[PDB]
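**Student:** Attaching a single structure in structure tokens format; questions to follow.
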Amino acid sequence: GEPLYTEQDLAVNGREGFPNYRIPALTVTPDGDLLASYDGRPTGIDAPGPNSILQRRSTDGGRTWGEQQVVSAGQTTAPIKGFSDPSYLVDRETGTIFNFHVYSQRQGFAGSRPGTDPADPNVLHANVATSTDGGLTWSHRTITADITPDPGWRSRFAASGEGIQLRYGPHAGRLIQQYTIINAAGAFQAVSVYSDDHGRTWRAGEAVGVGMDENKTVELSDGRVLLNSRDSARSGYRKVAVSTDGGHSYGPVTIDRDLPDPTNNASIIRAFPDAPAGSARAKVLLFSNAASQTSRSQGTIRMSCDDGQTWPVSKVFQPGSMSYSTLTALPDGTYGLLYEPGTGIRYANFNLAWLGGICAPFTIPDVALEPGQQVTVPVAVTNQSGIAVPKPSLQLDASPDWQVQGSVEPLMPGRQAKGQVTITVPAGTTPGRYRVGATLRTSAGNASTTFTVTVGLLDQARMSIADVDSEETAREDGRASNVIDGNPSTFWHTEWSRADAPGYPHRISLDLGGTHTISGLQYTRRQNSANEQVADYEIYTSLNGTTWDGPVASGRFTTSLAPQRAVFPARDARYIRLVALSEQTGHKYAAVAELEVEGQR
Ligand code: NA
């Protein structure tokens, strides 16, 4: 109906007994009561600090909230005990409510020492509070032993927010709560902890990935369980894996590029929980997270209409500071969002009318052109339900002196639509890497995407490495070849330690894949490390590949995270070489995320 979005604070730092409140968890009890849990950090720090698990309750659907009650109290006096990071799981079949959390003594996540002995004050224990009266009273259990099938699981904690209960297939009824372990090899993984007997016993399934962290799982329209993870390896995205079973295992983990994430927690739920398998309502997902990849801000709610393959809908609920966010389906049709606005924990309620709309994911290919040219690219739209929209619009988002126009024929129920985008870029347009936003305006809601228009740069798919002085390829992937893949996240690294290799006169050459008229080169520093940054450099070109001529350019580039230009008077060359003479802070290695050659295709 009319678009709804309201919010109020449940916890405000300093008031009501704690200097810090953090780590949100939202649930709706079997009888319509909203339950919100979070840490009360007397220390403002997580485990092993004396944190307490708290709870506020709303019986009128979320408008008014009760007093702040303690679910698990931490001991500030020695010996220090703490409880942290709550996560609710509601067994819709029996009525039991489970609040999972970290139980700390002397060690936190990174300090936990091997062992399952509840008594050993050196392991981060896995606790569960159970309640049979809708959350009023609780029963605590330490299940660290039930869930540590491998003596190597040195550490663990339950990912905050809220767990699930399968509805479909042969495991309908199973409860699932996600964890993050630290295996024997020091690696962080994702593991599903589940119960087939309504929580009396909890067993752990098969672990997944490397560089995982707080992860979330959801039931797809077909019983498949999608897993959406924070990436501890900081690639600015969410990793995802899928499972098709009940003794839980997921396939390979890959990165979702439609999910920009600053390496933070995120929420993903079924928009219509009780929809039947296969139906269109069972295919609708809601995901909340911080859209910024460099910051914990720009809280945006995204919608998927095909089990998470496409994410056309999106809206910002908090443009400002936004860290952890957790979602829940309300019995009235709306959704409850409990998050961290920086002031403590806030509660929000919104409905789908407020999100924008139309499940019409669309695609527009990436375009490469020369400055001063006009290019027309096709648009492909894939339409949903009550969608006979005779008049849809296409609003592109680019640079002011760029003429961009687009059109799409009408949308017909469950049909594919066509259209096209005409881009015109001026002759004084500086070389490559341009993001263009497209927005499908319709009277039934929004749908948006982004494509790339690269100007005056050669094709990396035609490039190869002619030579390199050293490549770190044992301890890590510092391959010379990671410079030509279109990914800032991957980098070439000089043979670093764990082998005392050569010092600074470092270099790399690219085989352009034929003779081109080139007039420049752009390089992006390695993004998440500052000691293998190139300072002084010199460029050399060649066309026979053996006799190099130059330097055609020389300079010292900066500490800039964006691409930096090495310009020179146009010339023909089949290969280009970058000689790095020094590192910005005098350290011994060179690392390059990406190399771009400016020229004519
Ligand atoms: Na790269």
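If you're wondering about the labels, chains in the structure tokens are A, B, ... by order shown, residues count from 1 in each chain, ligands from 1 in order shown.
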Do you know which residues are at most 8 Å from range 485-489 of chain A counting only C-alpha atoms, after dropping those on the same chain fewer than 6 positions away, and could you put them as JSON, numbers by chain?
**Tutor:** {"A": [235, 460, 461, 524, 526, 527, 593, 594]}
**Student:** Could you pull out the strand (DSSP E or B) residues of range 256-467 of chain A from DSSP and send them as number ranges by chain?
**Tutor:** A: 256-260, 267-270, 285-290, 297-304, 313-321, 325-329, 335-339, 344-350, 362-363, 367-369, 373-382, 389, 393-397, 403-408, 411, 416-425, 434-442, 445-455, 457, 464-467
**Student:** Point out the residue among A:152, A:479, A:546, A:559 with the least atom-to-atom distance to ligand 1, counting only C-alpha atoms and all ligand atoms.
**Tutor:**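 That would be A:479, the residue with the smallest distance to ligand 1.
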**Student:** For a quick check of understanding, using only C-alpha atoms, which of A:490, A:243, A:217, A:189 has the smallest distance to residue 529 in chain A?
**Tutor:**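 Checking each candidate against residue 529 in chain A, we get A:490 as the closest.
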**Student:** Using the chain letters and numbers from this document, which residues of range 349-524 of chain A does DSSP assign to helix (DSSP H, G or I), as a PyMOL selection string?
**Tutor:** chain A and resi 352-354+460-462
**Student:** Please, could you write that set of residues out with N, CA and C atoms as an mmCIF file, in the first residue's frame?
**Tutor:**
```
data_model
loop_
_atom_site.group_PDB
_atom_site.id
_atom_site.type_symbol
_atom_site.label_atom_id
_atom_site.label_comp_id
_atom_site.auth_asym_id
_atom_site.auth_seq_id
_atom_site.Cartn_x
_atom_site.Cartn_y
_atom_site.Cartn_z
ATOM 1 N N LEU A 352 7.351 -3.511 1.385
ATOM 2 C CA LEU A 352 7.861 -3.565 0.018
ATOM 3 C C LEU A 352 7.537 -2.378 -0.891
ATOM 4 N N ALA A 353 6.438 -1.696 -0.599
ATOM 5 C CA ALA A 353 6.031 -0.511 -1.357
ATOM 6 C C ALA A 353 7.116 0.559 -1.224
ATOM 7 N N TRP A 354 7.770 0.571 -0.065
ATOM 8 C CA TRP A 354 8.824 1.513 0.214
ATOM 9 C C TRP A 354 10.145 1.157 -0.463
ATOM 10 N N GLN A 460 43.103 -6.212 -22.615
ATOM 11 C CA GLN A 460 43.888 -7.083 -21.738
ATOM 12 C C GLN A 460 43.767 -8.558 -22.120
ATOM 13 N N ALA A 461 42.617 -8.988 -22.654
ATOM 14 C CA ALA A 461 42.420 -10.382 -23.106
ATOM 15 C C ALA A 461 43.364 -10.746 -24.268
ATOM 16 N N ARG A 462 44.001 -9.742 -24.858
ATOM 17 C CA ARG A 462 44.922 -9.956 -25.956
ATOM 18 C C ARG A 462 46.382 -9.839 -25.457
#
```
**Student:** Please provide as a PyMOL selection string all residues within 9 Å of range 440-456 of chain A, with the sequence filter that same-chain residues fewer than 4 positions apart are discarded (counting only C-alpha atoms).
**Tutor:** chain A and resi 311-314+353+355-371+386-387+389+391-397+408+423+425+429-436+597-601
**Student:** Give me, please, the distance in Å between CA of residue 12 in chain A and CA of residue 335 in chain A, quoted to one decimal.
**Tutor:** 22.2 Å
**Student:** Which polymer residues have any atom within 12 Å of an atom of residue 544 in chain A, counting only C-alpha atoms, with same-chain residues fewer than 4 positions away left out, as a list in words?
**Tutor:**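 Result of the neighbour search: residues 466, 511, 512, 513, 514, 515, 548, 549, 572, 573, 574, 575 and 576 of chain A.
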**Student:** I need the residues from that last selection saved to file as a short mmCIF file (atom, residue, chain, number, x, y, z; two decimals), in the first residue's frame (with C-alpha atoms), if you can.
**Tutor:**
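Output (result12.cif):
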```
data_model
loop_
_atom_site.label_atom_id
_atom_site.label_comp_id
_atom_site.auth_asym_id
_atom_site.auth_seq_id
_atom_site.Cartn_x
_atom_site.Cartn_y
_atom_site.Cartn_z
CA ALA A 466 56.63 -11.13 -22.08
CA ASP A 511 53.12 -8.57 -25.05
CA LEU A 512 50.32 -6.35 -26.40
CA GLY A 513 49.30 -9.04 -28.86
CA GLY A 514 50.20 -7.14 -32.02
CA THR A 515 51.51 -3.70 -33.01
CA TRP A 548 63.93 -2.36 -26.03
CA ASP A 549 63.96 1.33 -26.54
CA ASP A 572 54.01 1.96 -32.27
CA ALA A 573 55.03 -0.93 -30.14
CA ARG A 574 54.08 -4.57 -29.67
CA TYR A 575 55.41 -4.85 -26.11
CA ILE A 576 55.68 -2.40 -23.24
#
```
**Student:** Tell me which of A:121, A:478, A:17, A:273 sits closest to ligand 1, counting only C-alpha atoms and all ligand atoms.
**Tutor:**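 That would be A:478, the residue with the smallest distance to ligand 1.
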**Student:** Residues at most 7 Å from residue 271 in chain A, counting only C-alpha atoms, excluding those fewer than 5 positions away in the same chain, as a VMD selection string?
**Tutor:** chain A and resid 284 to 286 329
**Student:** Between CA of residue 306 in chain A and CA of residue 222 in chain A, what is the distance, to one decimal in Å?
**Tutor:**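 CA of residue 222 in chain A lies at a distance of 11.2 Å from CA of residue 306 in chain A.
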